[PDB]
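Since the structure comes first, as structure tokens, the remarks are kept for the end.
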Amino acid sequence: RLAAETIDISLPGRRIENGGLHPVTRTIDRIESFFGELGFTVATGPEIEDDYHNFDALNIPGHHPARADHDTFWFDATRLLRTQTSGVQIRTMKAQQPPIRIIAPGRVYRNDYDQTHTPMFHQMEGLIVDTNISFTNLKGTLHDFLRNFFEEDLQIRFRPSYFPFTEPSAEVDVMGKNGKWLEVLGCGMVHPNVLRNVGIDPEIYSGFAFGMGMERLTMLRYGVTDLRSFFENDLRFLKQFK
Amino acid sequence: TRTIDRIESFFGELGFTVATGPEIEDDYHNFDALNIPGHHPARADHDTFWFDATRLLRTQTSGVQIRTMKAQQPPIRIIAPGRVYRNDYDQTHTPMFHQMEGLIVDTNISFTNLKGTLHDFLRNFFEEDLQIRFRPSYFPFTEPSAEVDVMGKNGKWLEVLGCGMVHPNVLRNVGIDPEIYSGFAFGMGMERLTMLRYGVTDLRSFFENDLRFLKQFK
Amino acid sequence: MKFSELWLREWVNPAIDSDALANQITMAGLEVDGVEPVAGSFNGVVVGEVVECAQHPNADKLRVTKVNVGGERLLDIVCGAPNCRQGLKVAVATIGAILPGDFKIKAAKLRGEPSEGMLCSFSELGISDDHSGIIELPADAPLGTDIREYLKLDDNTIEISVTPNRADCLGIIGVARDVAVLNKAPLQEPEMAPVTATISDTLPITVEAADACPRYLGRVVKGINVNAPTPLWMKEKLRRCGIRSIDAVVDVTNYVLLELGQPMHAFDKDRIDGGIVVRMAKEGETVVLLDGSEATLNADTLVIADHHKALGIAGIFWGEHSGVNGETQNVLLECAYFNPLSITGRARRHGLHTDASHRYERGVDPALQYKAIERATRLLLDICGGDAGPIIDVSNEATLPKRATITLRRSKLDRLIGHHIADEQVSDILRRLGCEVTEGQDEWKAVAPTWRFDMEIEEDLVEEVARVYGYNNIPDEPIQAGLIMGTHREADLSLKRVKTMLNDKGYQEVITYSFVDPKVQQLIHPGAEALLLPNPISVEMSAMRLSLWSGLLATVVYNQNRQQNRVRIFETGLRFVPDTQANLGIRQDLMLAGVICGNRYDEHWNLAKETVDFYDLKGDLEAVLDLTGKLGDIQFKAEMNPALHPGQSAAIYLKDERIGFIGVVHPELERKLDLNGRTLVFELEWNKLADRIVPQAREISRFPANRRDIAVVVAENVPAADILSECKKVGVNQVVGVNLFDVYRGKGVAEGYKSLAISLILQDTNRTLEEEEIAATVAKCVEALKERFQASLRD
């Protein structure tokens, strides 16, 4: 029986072919772990919002030219799909107080369709509020996150920009190799009028915030160049990310 | 395993990263580096498993942090899970039980910042049902020492873990200056913690590995 | 250690409670191991006296006479004790009493006149350890009152367990010099009077070891009586602490040891003959021991000697016939100190442990002799006859343990505690501890006391300040850190990910013993020798691992013998292989292992009953290894191992390295251990598969593909090595994918030959594939297949 009942040895064994995640899902969870080992805990919320959550709380305030350039999806007059994931942190800053931070992943919507802009793309808005942090402690964390998401291949340059809910502002804009510089993320310290209509005193407190695009980060990381291919969901494209 | 991973996540969200190493060790890793130093009565009361004269199974998981403190520049902090061995067999002591030795080294931390972290870990591993009392003890590798000793309900107090600040002679034979630096350490027993948490009372039943006992922890 | 309550309360009297004293003793440094009772729970046992004894009328048990408690009436109370002579005041049970042990005394008939409350001995009252009979209580005592208040039964015996940091508090004075400071009650030391020597000279002594015995004393007491009774008032103190009597003098010199921490017993004087000289012994010196063994020393053991053969080991073992017999007339005492660095390992070197060696190794109060020897000789000449001569001094003034100048600064105290304790309180904490305090500006200079052998550095002042300030009188604060992110890596794995996958596939995780049996350890790996183990626990666990297949095949036959089948387990640990070019002599790898056995599908309503095999193990393993890792190149070949079958086993490679071993164990291995049913095992070397690859995108086409069927006829020799693998390497733009769905060894094929159905899905990366270019790439693979002595079939 011993030298007779032998089998074939290298035939493929029986199993079910396991399948992998989505690339923006993997990048969201990777940056979630990267910030979870600093103590940031996530926060979530709804995708539909009135004006007092999305525009009039971030000190826009309504006659500003930020209500057509955001390319919003309106419903009647006090309903819109969420244009930037910040109501999830305003509804957290309002309730409790005042020395803890949070991050938030989620879906935003912008009325733009081309071969370079899907109408939906995931954003990741951080938030941190505690005593005596500044722009030095913004560069020293975003530089660290870029050096850890990449593997120290690329160079950064902090340049100025303008977002209405954070002033003084910035932009981080890592070094590519095909062109000159690709703009990756933007940041800035929280405006005091954002703090004052929430319940935090801006005379003693401070903080910053940052918002990055997950699909441009994932495209630049894993080499993909066609942004519309992320959401047509072909298995022959999605199987290599496993 | 579940308790080791739960406390690993509890300390990983403070920034502590784990560290591992071997289970066999010479004397310079296990006894003569923690400032015992060899004529002390800590070489028979540990109930060690010897091999010849400079080999022993690891009696406390601290060589994994000495071999980290020696190599790289401060200030970094680590924890370490692993297996220890003690020559004691009864219906209350297996010869192997998992220990978890923390370590933290940076400028200007003290006993206040030891109570304010171990109280927090006990309040999070339990669900604020129990009371603590810091009492003094003596471990040779940490002075000034302590013991934390949470409140039971069947008896009076069950001793859960012990801690203390790192002795400066432990720092000085590694490469850190104890005139400017400081730190503390803590070592807890995982099987007594798991027994007190999930209600099990027979310590020898953990390592006979019956499926009818192990299936309820799923 | 164990000691009693009221003896401690002779020194300090904290009006707290009978049990909240034992909660404040464990806030000072002494872990108490329970508070045990001393007696039973009765309600009064009154003591009386007996008069004019008599003999039994008809039975064989005497004591038919009366008692006299002290009541105005006289009641006849009898007994049957073996020692109830006339004039022996004993406690006795009465009608207002209950005897513990659920035997309440009654008035039945026992061989004569009935008894109405019997005599209480030791074990007949609630306490243990009878000696002969009834209580031989001393006279000159008032009657009518209770033994529970008179013999002090309202205390307890606490069992404290001192740590080697504290050498002082192994006695009553050492514990009550600490409770007095931790509660700030004053401590009343019992005043100890001198001895006023009355008689002639003494055998002179001289120490010629000036570095290992800084002091030594003694005294003659001439005219003692060793047949004197032990006093009960000291016997009851020695009783609760677990100390049994010998005659009188060992009791007296155990009492002073327990009370002051100072070790001393006894010398006989007439069996000396030449003086006492204290020195090290020559190489090969041999003395006697009590147990019947005759042991020696090397060169290092200090021995108490003379100008003849020596007679006593240094504070560890005194001597049998050099001690006091029942006719010893004169006695000498040994109040000695020893350097604790000089007397360390001589107890456990010769298999010895004695309460004086337990104290001389840690340390002993060096300013104590002129009180200890005088308390001892007071309790000696107060209970026996005789009188004492002068003291005997030998001492070296420069080799004493000296105390440093432990300077403390405000910065170290603040940076180590965290709190702000006022200088007005710290300069009182050290004075109440008992040091000499010279406080300056922003600083402290304090020298050590004599009795404590653990204060030489600044942490040994900060710890003793905070210990008496209280640990839970300091508030809390979370730490202040800097949020450095710390490095990571994407192209590697974690252990918990693969473990969570094993739980998804249906596997329990166990943890076994990391040192196993050398009997059924060599039956798995012969040839490779083991790492044996001196001083084991038993013969059953006296060998390190050489793989993980010992504890696992112990766990399987544990579970299968408890009427419980189909156990799937795995366990991750690290093994120990002997080598020579390794770090400490053995190289260690982290290993991931496992065991599958039993039924496959667990008796389901359409899934049939088929026990598991190697293809199931390899399929459930390829998902573990080669999905979360490479699957780039992984070859299965046949490499033998003397623990498993030759055919149904493999050797996983992953680019030219032996990385694993899979397959069912040997079918005659299961004749031992009795592992009912066919099992399977799979070991893996961990940190070579601990790096995954980070994926990269590529351009994807759109056009469909077609399914071509090929059935290559091969003899039954090559399994899949040159069938499913060489098809892919021929053409790098046409062939993707290769399957198999049906073997062919029925009746149509020739015997000894087989046909493997090899389906393909042919496609092109930039265009589609039509019927012309398919005939090139199917024929080119067959042109590359004729180097394996076969080709395609004709059907």
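So you can find residues: chains in the structure tokens are A, B, ... in the order shown, residues in each start at 1, and ligands are numbered from 1 in order.
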| field | Spatial neighbours of residue 89 (chain B), 10 Å, only C-alpha atoms, chain gap at least 4 places, as a list in words | value |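 My list of contacting residues is residues 93, 94, 95, 96 and 204 of chain B; 537 of chain C.
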If we count only C-alpha atoms, what is near region 166-172 of chain B at a cut-off of 8 Å, once residues fewer than 4 positions away on the same chain are taken out, given as an mmCIF file with N, CA, C and O atoms, in the first residue's frame?
data_model
loop_
_atom_site.group_PDB
_atom_site.id
_atom_site.type_symbol
_atom_site.label_atom_id
_atom_site.label_comp_id
_atom_site.auth_asym_id
_atom_site.auth_seq_id
_atom_site.Cartn_x
_atom_site.Cartn_y
_atom_site.Cartn_z
ATOM 1 N N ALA B 33 21.641 42.051 33.479
ATOM 2 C CA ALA B 33 21.357 43.338 32.859
ATOM 3 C C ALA B 33 20.299 44.123 33.606
ATOM 4 O O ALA B 33 20.244 45.348 33.479
ATOM 5 N N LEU B 34 19.458 43.445 34.371
ATOM 6 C CA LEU B 34 18.428 44.109 35.150
ATOM 7 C C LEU B 34 18.894 44.463 36.549
ATOM 8 O O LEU B 34 18.041 44.750 37.398
ATOM 9 N N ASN B 35 20.213 44.433 36.777
ATOM 10 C CA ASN B 35 20.857 44.777 38.046
ATOM 11 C C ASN B 35 20.328 43.901 39.185
ATOM 12 O O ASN B 35 19.703 44.374 40.136
ATOM 13 N N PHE B 141 14.345 45.194 39.289
ATOM 14 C CA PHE B 141 14.694 45.946 38.091
ATOM 15 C C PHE B 141 13.976 47.286 37.994
ATOM 16 O O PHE B 141 14.215 48.026 37.036
ATOM 17 N N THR B 142 13.093 47.606 38.943
ATOM 18 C CA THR B 142 12.385 48.887 38.983
ATOM 19 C C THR B 142 12.287 49.351 40.427
ATOM 20 O O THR B 142 11.717 48.643 41.259
ATOM 21 N N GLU B 143 12.809 50.545 40.719
ATOM 22 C CA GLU B 143 12.622 51.207 42.016
ATOM 23 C C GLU B 143 12.527 52.710 41.787
ATOM 24 O O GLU B 143 13.363 53.259 41.055
ATOM 25 N N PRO B 144 11.561 53.416 42.406
ATOM 26 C CA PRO B 144 10.494 53.051 43.346
ATOM 27 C C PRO B 144 9.370 52.224 42.737
ATOM 28 O O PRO B 144 8.938 52.508 41.628
ATOM 29 N N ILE B 176 21.829 55.243 28.119
ATOM 30 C CA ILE B 176 20.949 56.377 28.359
ATOM 31 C C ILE B 176 21.410 57.059 29.635
ATOM 32 O O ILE B 176 21.767 56.401 30.617
ATOM 33 N N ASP B 177 21.404 58.388 29.624
ATOM 34 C CA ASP B 177 21.828 59.155 30.786
ATOM 35 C C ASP B 177 20.659 59.285 31.749
ATOM 36 O O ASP B 177 19.625 59.856 31.375
ATOM 37 N N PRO B 178 20.763 58.787 32.983
ATOM 38 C CA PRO B 178 19.667 58.925 33.947
ATOM 39 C C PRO B 178 19.623 60.263 34.667
ATOM 40 O O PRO B 178 18.799 60.428 35.570
ATOM 41 N N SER B 182 14.225 59.577 32.100
ATOM 42 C CA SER B 182 13.450 58.876 33.118
ATOM 43 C C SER B 182 12.571 57.862 32.401
ATOM 44 O O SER B 182 12.719 57.631 31.196
ATOM 45 N N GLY B 183 11.657 57.257 33.137
ATOM 46 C CA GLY B 183 10.700 56.350 32.544
ATOM 47 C C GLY B 183 10.115 55.435 33.592
ATOM 48 O O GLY B 183 10.520 55.446 34.751
ATOM 49 N N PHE B 184 9.144 54.638 33.161
ATOM 50 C CA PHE B 184 8.603 53.601 34.023
ATOM 51 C C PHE B 184 8.389 52.331 33.216
ATOM 52 O O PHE B 184 8.683 52.267 32.022
ATOM 53 N N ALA B 185 7.885 51.308 33.896
ATOM 54 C CA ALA B 185 7.618 50.017 33.289
ATOM 55 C C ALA B 185 6.499 49.349 34.066
ATOM 56 O O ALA B 185 6.174 49.744 35.185
ATOM 57 N N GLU C 459 17.194 57.114 44.993
ATOM 58 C CA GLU C 459 15.903 56.454 44.819
ATOM 59 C C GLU C 459 15.466 55.756 46.091
ATOM 60 O O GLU C 459 14.269 55.675 46.375
#
| request: Select all residues from chain A having any atom no more than 10 Å from an atom of chain C (counting only C-alpha atoms, ignoring ligands), output as number ranges by chain. | output: A: 2-20, 30, 34-39, 137, 140-141, 144-145, 147-151, 219, 221-225, 234, 236-238, 240-242
| Proximal residues of chain B relative to chain C (only C-alpha atoms; 7 Å) as a ChimeraX atom specification | /B:39,50-51,108-113,115-117,133-138,143-144,207,209-210
| For residue 165 (chain B), which residue out of B:188, B:103, B:118, B:180 is the nearest one, using only C-alpha atoms? | B:103
